[PDB]
There are 2 protein chains.
Amino acid sequence: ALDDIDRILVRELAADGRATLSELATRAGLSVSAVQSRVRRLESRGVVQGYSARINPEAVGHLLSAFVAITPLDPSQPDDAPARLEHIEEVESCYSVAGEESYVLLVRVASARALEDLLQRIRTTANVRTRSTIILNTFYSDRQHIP
Amino acid sequence: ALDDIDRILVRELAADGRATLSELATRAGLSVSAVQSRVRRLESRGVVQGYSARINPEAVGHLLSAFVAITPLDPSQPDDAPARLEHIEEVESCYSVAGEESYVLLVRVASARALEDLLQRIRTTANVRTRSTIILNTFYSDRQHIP
Ligand SMILES: N[C@@H](Cc1ccccc1)C(=O)O
């Protein structure tokens, strides 16, 4: 239940999250009221989860990023790694994954030594072994596709 | 230098990219003309890179996400895989990495069947071998942290 109009709306809003209701109304052939109300239904049905500025991580002092794959030191202990790691602010994302590892994290940090301290924090807070893959360059990211 | 009132602004806009320049000014303690001019300057030094609505991928038909680690088949050839894959819309992100593979992609697709098709297209269009790690669930993503 996403009609043609809604796909247009989410496509425009993925490319430009600050687009005004009136720019959107003219692209969709709707009134500004019609647009607001379709946008409110997109948000409350959880199709649109929120809006963010895309911040350049380097510009704010995050000069090093990494994938960290984690696996429980004790797989019989309950499985709450994501909730435990939620209070660690340098953890930007957490996915559960098929394979030998349990979770993959994306982590951002100021430097190599800051990474070594963060890995210790991640091993003790989730009781986990870590396998780190350092990112050397981001060619493009977050390019959301609406088919 | 990021004039740490500037840190309040990026912090606020990362959390709510549809914040208004006036509902901002009160939260930061400035005047619409200052707020507006910083934001335009932040956008000009590529600190804020865009604004986007965060779309739920499964709401839109992408019921299968995967990391796809790729490595060029022939190292005598120019390594231009990111440029070559850029036109493939199901690739959301591309990173070079220090690990076992040369690059990691984040890919989104309708089904396991559609992934197999996509992996064939990736192999033939960029001349790479692939290795996919299927995501089961996303616990949180894109929590941009501003120190
Ligand atoms: N990696 C496990 C799935 C899993 C993820 C996270 C926690 C526990 C299990 C598998 O391939 O079956």
# chains A, B, ... in the order shown; residues from 1 in each chain; ligands from 1
>>> residues_near_ligand(ligand="ligand 1", cutoff="8 Å", atoms="only C-alpha atoms and all ligand atoms", output="JSON, numbers by chain")
{"A": [71, 79, 96, 97, 98, 99, 100, 101, 102, 103], "B": [136]}
>>> write_last_selection(atoms="C-alpha atoms", output="CSV table (one decimal), in the first residue's frame")
chain,number,residue,atom,x,y,z
A,71,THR,CA,30.8,-12.6,18.6
A,79,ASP,CA,21.9,-12.2,23.8
A,96,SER,CA,22.7,-8.9,13.2
A,97,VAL,CA,24.2,-11.0,10.4
A,98,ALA,CA,24.1,-14.6,9.0
A,99,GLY,CA,27.4,-16.5,9.4
A,100,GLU,CA,30.0,-17.1,12.1
A,101,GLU,CA,29.8,-13.6,13.6
A,102,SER,CA,26.6,-12.3,15.3
A,103,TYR,CA,26.7,-8.5,14.8
B,136,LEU,CA,19.0,-10.4,9.4
>>> closest_atom_pairs(of="chain B", to="chain A", cutoff="7 Å", atoms="only C-alpha atoms", output="CSV")
residue,atom,partner,partner_atom,distance
B:13,CA,A:53,CA,5.4
B:14,CA,A:52,CA,4.7
B:15,CA,A:52,CA,5.9
B:16,CA,A:52,CA,5.3
B:17,CA,A:52,CA,4.0
B:18,CA,A:18,CA,5.5
B:46,CA,A:56,CA,6.8
B:47,CA,A:56,CA,5.0
B:48,CA,A:55,CA,4.8
B:49,CA,A:54,CA,5.3
B:50,CA,A:54,CA,5.2
B:51,CA,A:53,CA,4.2
B:52,CA,A:17,CA,4.0
B:53,CA,A:51,CA,4.3
B:54,CA,A:49,CA,5.3
B:55,CA,A:48,CA,4.8
B:56,CA,A:47,CA,5.1
B:59,CA,A:47,CA,5.6
B:60,CA,A:146,CA,6.7
B:82,CA,A:139,CA,6.8
B:89,CA,A:145,CA,6.3
B:90,CA,A:145,CA,6.4
B:92,CA,A:143,CA,4.7
B:93,CA,A:141,CA,4.0
B:94,CA,A:139,CA,5.5
B:95,CA,A:138,CA,4.5
B:96,CA,A:137,CA,5.3
B:97,CA,A:135,CA,4.4
B:98,CA,A:134,CA,5.3
B:99,CA,A:133,CA,5.4
B:133,CA,A:98,CA,6.4
B:134,CA,A:98,CA,5.5
B:135,CA,A:97,CA,4.5
B:136,CA,A:97,CA,5.3
B:137,CA,A:96,CA,5.4
B:138,CA,A:95,CA,4.6
B:139,CA,A:94,CA,5.6
B:140,CA,A:93,CA,5.3
B:141,CA,A:93,CA,4.0
B:142,CA,A:92,CA,5.4
B:143,CA,A:92,CA,4.6
B:144,CA,A:92,CA,6.1
B:145,CA,A:89,CA,6.2
B:146,CA,A:60,CA,6.5
>>> write_last_selection(atoms="C-alpha atoms", output="short mmCIF file (atom, residue, chain, number, x, y, z; two decimals), in the first residue's frame")
data_model
loop_
_atom_site.label_atom_id
_atom_site.label_comp_id
_atom_site.auth_asym_id
_atom_site.auth_seq_id
_atom_site.Cartn_x
_atom_site.Cartn_y
_atom_site.Cartn_z
CA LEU B 13 20.20 19.19 12.39
CA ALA B 14 21.64 15.65 12.59
CA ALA B 15 18.88 14.80 15.06
CA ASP B 16 16.11 16.67 13.11
CA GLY B 17 17.02 17.74 9.58
CA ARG B 18 13.66 19.48 9.17
CA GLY B 46 31.25 20.34 2.96
CA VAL B 47 30.36 19.87 6.70
CA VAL B 48 26.65 19.42 6.03
CA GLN B 49 26.47 17.46 2.81
CA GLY B 50 22.71 17.13 2.32
CA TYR B 51 19.45 16.49 4.18
CA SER B 52 17.53 13.30 3.76
CA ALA B 53 14.39 11.60 4.93
CA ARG B 54 15.33 8.18 6.43
CA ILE B 55 13.23 5.69 4.50
CA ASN B 56 12.36 2.23 5.89
CA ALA B 59 8.44 -0.50 3.71
CA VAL B 60 9.56 0.12 0.13
CA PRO B 82 33.52 2.20 -7.33
CA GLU B 89 21.10 1.79 -7.92
CA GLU B 90 20.84 -1.05 -5.44
CA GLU B 92 23.66 2.15 -1.27
CA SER B 93 27.30 2.56 -0.12
CA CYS B 94 30.84 1.71 -1.26
CA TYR B 95 33.99 1.75 0.94
CA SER B 96 37.57 0.69 0.40
CA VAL B 97 38.74 -1.21 3.41
CA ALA B 98 41.89 -2.71 4.98
CA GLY B 99 40.72 -6.31 5.43
CA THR B 133 27.11 -11.29 4.30
CA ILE B 134 23.33 -11.19 4.72
CA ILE B 135 21.83 -8.81 7.30
CA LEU B 136 19.04 -10.35 9.38
CA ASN B 137 17.95 -7.26 11.32
CA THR B 138 18.97 -3.62 11.72
CA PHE B 139 18.93 -2.59 15.39
CA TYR B 140 19.84 1.04 14.80
CA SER B 141 21.69 2.80 12.04
CA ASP B 142 22.93 6.32 11.27
CA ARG B 143 23.24 7.52 14.87
CA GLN B 144 25.56 10.40 13.90
CA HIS B 145 27.70 11.35 16.88
CA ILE B 146 29.02 14.90 17.31
#
>>> atom_distance(atom1="atom CA of residue 126 of chain A", atom2="atom CA of residue 75 of chain A")
11.5 Å
>>> select_by_dssp(residues="segment 10-133 of chain B", states="strand (DSSP E)", output="PDB file with N, CA and C atoms, in the first residue's frame")
ATOM      1  N   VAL B  48      27.914  20.046   6.409  1.00  0.00           N
ATOM      2  CA  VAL B  48      26.653  19.422   6.031  1.00  0.00           C
ATOM      3  C   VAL B  48      26.605  19.214   4.520  1.00  0.00           C
ATOM      4  N   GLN B  49      26.358  17.958   4.161  1.00  0.00           N
ATOM      5  CA  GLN B  49      26.467  17.464   2.807  1.00  0.00           C
ATOM      6  C   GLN B  49      25.138  17.284   2.103  1.00  0.00           C
ATOM      7  N   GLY B  50      24.041  17.418   2.834  1.00  0.00           N
ATOM      8  CA  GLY B  50      22.708  17.132   2.317  1.00  0.00           C
ATOM      9  C   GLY B  50      21.773  16.961   3.494  1.00  0.00           C
ATOM     10  N   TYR B  51      20.488  16.796   3.196  1.00  0.00           N
ATOM     11  CA  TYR B  51      19.453  16.486   4.180  1.00  0.00           C
ATOM     12  C   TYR B  51      18.680  15.360   3.566  1.00  0.00           C
ATOM     13  N   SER B  52      18.292  14.373   4.363  1.00  0.00           N
ATOM     14  CA  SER B  52      17.528  13.296   3.765  1.00  0.00           C
ATOM     15  C   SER B  52      16.441  12.805   4.710  1.00  0.00           C
ATOM     16  N   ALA B  53      15.340  12.356   4.149  1.00  0.00           N
ATOM     17  CA  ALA B  53      14.393  11.596   4.932  1.00  0.00           C
ATOM     18  C   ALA B  53      15.020  10.193   5.060  1.00  0.00           C
ATOM     19  N   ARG B  54      14.888   9.579   6.229  1.00  0.00           N
ATOM     20  CA  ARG B  54      15.331   8.181   6.428  1.00  0.00           C
ATOM     21  C   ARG B  54      14.199   7.223   6.096  1.00  0.00           C
ATOM     22  N   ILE B  55      14.297   6.563   4.954  1.00  0.00           N
ATOM     23  CA  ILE B  55      13.229   5.694   4.499  1.00  0.00           C
ATOM     24  C   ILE B  55      13.422   4.246   5.016  1.00  0.00           C
ATOM     25  N   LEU B  64      15.612  -7.742   1.665  1.00  0.00           N
ATOM     26  CA  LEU B  64      16.883  -8.376   1.815  1.00  0.00           C
ATOM     27  C   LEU B  64      18.067  -7.364   1.742  1.00  0.00           C
ATOM     28  N   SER B  65      18.739  -7.089   2.852  1.00  0.00           N
ATOM     29  CA  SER B  65      19.961  -6.263   2.747  1.00  0.00           C
ATOM     30  C   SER B  65      21.247  -7.107   2.925  1.00  0.00           C
ATOM     31  N   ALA B  66      22.386  -6.664   2.410  1.00  0.00           N
ATOM     32  CA  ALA B  66      23.581  -7.517   2.474  1.00  0.00           C
ATOM     33  C   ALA B  66      24.789  -6.599   2.413  1.00  0.00           C
ATOM     34  N   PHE B  67      25.871  -6.953   3.116  1.00  0.00           N
ATOM     35  CA  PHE B  67      27.191  -6.417   2.793  1.00  0.00           C
ATOM     36  C   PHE B  67      27.808  -7.308   1.767  1.00  0.00           C
ATOM     37  N   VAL B  68      28.487  -6.749   0.784  1.00  0.00           N
ATOM     38  CA  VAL B  68      29.016  -7.513  -0.307  1.00  0.00           C
ATOM     39  C   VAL B  68      30.461  -7.040  -0.363  1.00  0.00           C
ATOM     40  N   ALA B  69      31.411  -7.931  -0.043  1.00  0.00           N
ATOM     41  CA  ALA B  69      32.828  -7.649  -0.046  1.00  0.00           C
ATOM     42  C   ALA B  69      33.317  -8.020  -1.420  1.00  0.00           C
ATOM     43  N   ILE B  70      34.019  -7.124  -2.080  1.00  0.00           N
ATOM     44  CA  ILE B  70      34.429  -7.454  -3.462  1.00  0.00           C
ATOM     45  C   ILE B  70      35.940  -7.249  -3.668  1.00  0.00           C
ATOM     46  N   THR B  71      36.542  -7.998  -4.586  1.00  0.00           N
ATOM     47  CA  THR B  71      37.929  -7.817  -4.909  1.00  0.00           C
ATOM     48  C   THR B  71      38.106  -8.003  -6.415  1.00  0.00           C
ATOM     49  N   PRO B  72      38.832  -7.077  -7.068  1.00  0.00           N
ATOM     50  CA  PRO B  72      39.146  -7.190  -8.509  1.00  0.00           C
ATOM     51  C   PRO B  72      39.799  -8.495  -8.869  1.00  0.00           C
ATOM     52  N   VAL B  91      23.199  -0.447  -5.016  1.00  0.00           N
ATOM     53  CA  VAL B  91      24.317  -0.164  -4.141  1.00  0.00           C
ATOM     54  C   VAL B  91      24.164   1.149  -3.385  1.00  0.00           C
ATOM     55  N   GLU B  92      23.894   1.018  -2.104  1.00  0.00           N
ATOM     56  CA  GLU B  92      23.665   2.148  -1.270  1.00  0.00           C
ATOM     57  C   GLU B  92      24.962   2.842  -0.826  1.00  0.00           C
ATOM     58  N   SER B  93      26.017   2.060  -0.628  1.00  0.00           N
ATOM     59  CA  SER B  93      27.299   2.559  -0.117  1.00  0.00           C
ATOM     60  C   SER B  93      28.449   1.752  -0.697  1.00  0.00           C
ATOM     61  N   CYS B  94      29.623   2.385  -0.832  1.00  0.00           N
ATOM     62  CA  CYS B  94      30.837   1.707  -1.261  1.00  0.00           C
ATOM     63  C   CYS B  94      32.039   2.251  -0.490  1.00  0.00           C
ATOM     64  N   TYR B  95      32.829   1.366   0.101  1.00  0.00           N
ATOM     65  CA  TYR B  95      33.988   1.746   0.935  1.00  0.00           C
ATOM     66  C   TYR B  95      35.171   0.930   0.490  1.00  0.00           C
ATOM     67  N   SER B  96      36.379   1.505   0.437  1.00  0.00           N
ATOM     68  CA  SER B  96      37.570   0.688   0.405  1.00  0.00           C
ATOM     69  C   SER B  96      37.978   0.418   1.849  1.00  0.00           C
ATOM     70  N   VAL B  97      38.631  -0.702   2.059  1.00  0.00           N
ATOM     71  CA  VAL B  97      38.740  -1.206   3.414  1.00  0.00           C
ATOM     72  C   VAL B  97      40.122  -1.881   3.528  1.00  0.00           C
ATOM     73  N   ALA B  98      40.695  -1.885   4.730  1.00  0.00           N
ATOM     74  CA  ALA B  98      41.891  -2.713   4.980  1.00  0.00           C
ATOM     75  C   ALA B  98      41.424  -3.996   5.604  1.00  0.00           C
ATOM     76  N   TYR B 103      36.882  -3.914  -1.163  1.00  0.00           N
ATOM     77  CA  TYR B 103      35.799  -2.931  -0.934  1.00  0.00           C
ATOM     78  C   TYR B 103      34.704  -3.685  -0.243  1.00  0.00           C
ATOM     79  N   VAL B 104      33.871  -2.942   0.465  1.00  0.00           N
ATOM     80  CA  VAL B 104      32.612  -3.432   1.003  1.00  0.00           C
ATOM     81  C   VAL B 104      31.501  -2.512   0.480  1.00  0.00           C
ATOM     82  N   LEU B 105      30.411  -3.118  -0.006  1.00  0.00           N
ATOM     83  CA  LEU B 105      29.174  -2.473  -0.465  1.00  0.00           C
ATOM     84  C   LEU B 105      28.052  -2.811   0.474  1.00  0.00           C
ATOM     85  N   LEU B 106      27.110  -1.878   0.626  1.00  0.00           N
ATOM     86  CA  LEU B 106      25.862  -2.180   1.268  1.00  0.00           C
ATOM     87  C   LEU B 106      24.854  -2.135   0.139  1.00  0.00           C
ATOM     88  N   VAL B 107      24.100  -3.223   0.029  1.00  0.00           N
ATOM     89  CA  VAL B 107      23.238  -3.511  -1.093  1.00  0.00           C
ATOM     90  C   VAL B 107      21.841  -3.815  -0.496  1.00  0.00           C
ATOM     91  N   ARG B 108      20.791  -3.464  -1.237  1.00  0.00           N
ATOM     92  CA  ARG B 108      19.397  -3.737  -0.845  1.00  0.00           C
ATOM     93  C   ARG B 108      18.565  -4.207  -2.030  1.00  0.00           C
ATOM     94  N   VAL B 109      17.723  -5.194  -1.791  1.00  0.00           N
ATOM     95  CA  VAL B 109      17.209  -5.997  -2.887  1.00  0.00           C
ATOM     96  C   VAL B 109      15.898  -6.617  -2.422  1.00  0.00           C
ATOM     97  N   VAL B 128      34.894  -8.403 -10.693  1.00  0.00           N
ATOM     98  CA  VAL B 128      35.213  -8.621  -9.291  1.00  0.00           C
ATOM     99  C   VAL B 128      34.625  -9.944  -8.843  1.00  0.00           C
ATOM    100  N   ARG B 129      35.273 -10.544  -7.859  1.00  0.00           N
ATOM    101  CA  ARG B 129      34.623 -11.629  -7.149  1.00  0.00           C
ATOM    102  C   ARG B 129      33.890 -11.032  -5.958  1.00  0.00           C
ATOM    103  N   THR B 130      32.830 -11.690  -5.538  1.00  0.00           N
ATOM    104  CA  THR B 130      32.025 -11.173  -4.453  1.00  0.00           C
ATOM    105  C   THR B 130      31.937 -12.142  -3.274  1.00  0.00           C
ATOM    106  N   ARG B 131      31.653 -11.602  -2.106  1.00  0.00           N
ATOM    107  CA  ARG B 131      31.411 -12.377  -0.946  1.00  0.00           C
ATOM    108  C   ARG B 131      30.375 -11.627  -0.076  1.00  0.00           C
ATOM    109  N   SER B 132      29.202 -12.239   0.089  1.00  0.00           N
ATOM    110  CA  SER B 132      28.049 -11.536   0.708  1.00  0.00           C
ATOM    111  C   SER B 132      27.793 -11.983   2.111  1.00  0.00           C
ATOM    112  N   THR B 133      27.484 -11.024   2.955  1.00  0.00           N
ATOM    113  CA  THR B 133      27.114 -11.289   4.303  1.00  0.00           C
ATOM    114  C   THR B 133      25.742 -10.715   4.427  1.00  0.00           C
TER     115      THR B 133
END
>>> atom_distance(atom1="atom CA of residue 80 of chain B", atom2="atom CA of residue 121 of chain B")
15.7 Å
>>> atom_distance(atom1="atom CA of residue 116 of chain A", atom2="atom CA of residue 4 of chain B")
26.8 Å
>>> residues_around(residues="residue 36 of chain B", least_positions_apart="3", cutoff="10 Å", atoms="only C-alpha atoms", output="PyMOL selection string")
chain B and resi 20-22+24-25+31-33+39-42
>>> write_last_selection(atoms="C-alpha atoms", output="tab-separated table (two decimals), in the first residue's frame")
chain	number	residue	atom	x	y	z
B	20	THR	CA	13.25	25.34	11.31
B	21	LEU	CA	15.77	28.18	11.37
B	22	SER	CA	13.56	29.81	14.03
B	24	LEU	CA	16.72	26.43	15.99
B	25	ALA	CA	17.63	30.00	17.05
B	31	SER	CA	19.00	35.32	15.65
B	32	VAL	CA	17.52	33.91	12.38
B	33	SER	CA	20.09	35.92	10.32
B	39	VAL	CA	24.03	26.91	8.10
B	40	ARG	CA	24.81	28.24	4.56
B	41	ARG	CA	28.53	28.36	5.48
B	42	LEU	CA	28.42	24.84	7.00
>>> select_by_dssp(residues="segment 54-105 of chain B", states="alpha helix (DSSP H)", output="MDAnalysis selection string")
chainID B and resid 81:85
>>> closest_residue(among="B:63, B:34, B:122, B:8", to="residue 81 of chain B", atoms="only C-alpha atoms")
B:122
>>> closest_residue(among="B:73, B:78, B:3, B:87", to="residue 123 of chain B", atoms="only C-alpha atoms")
B:73
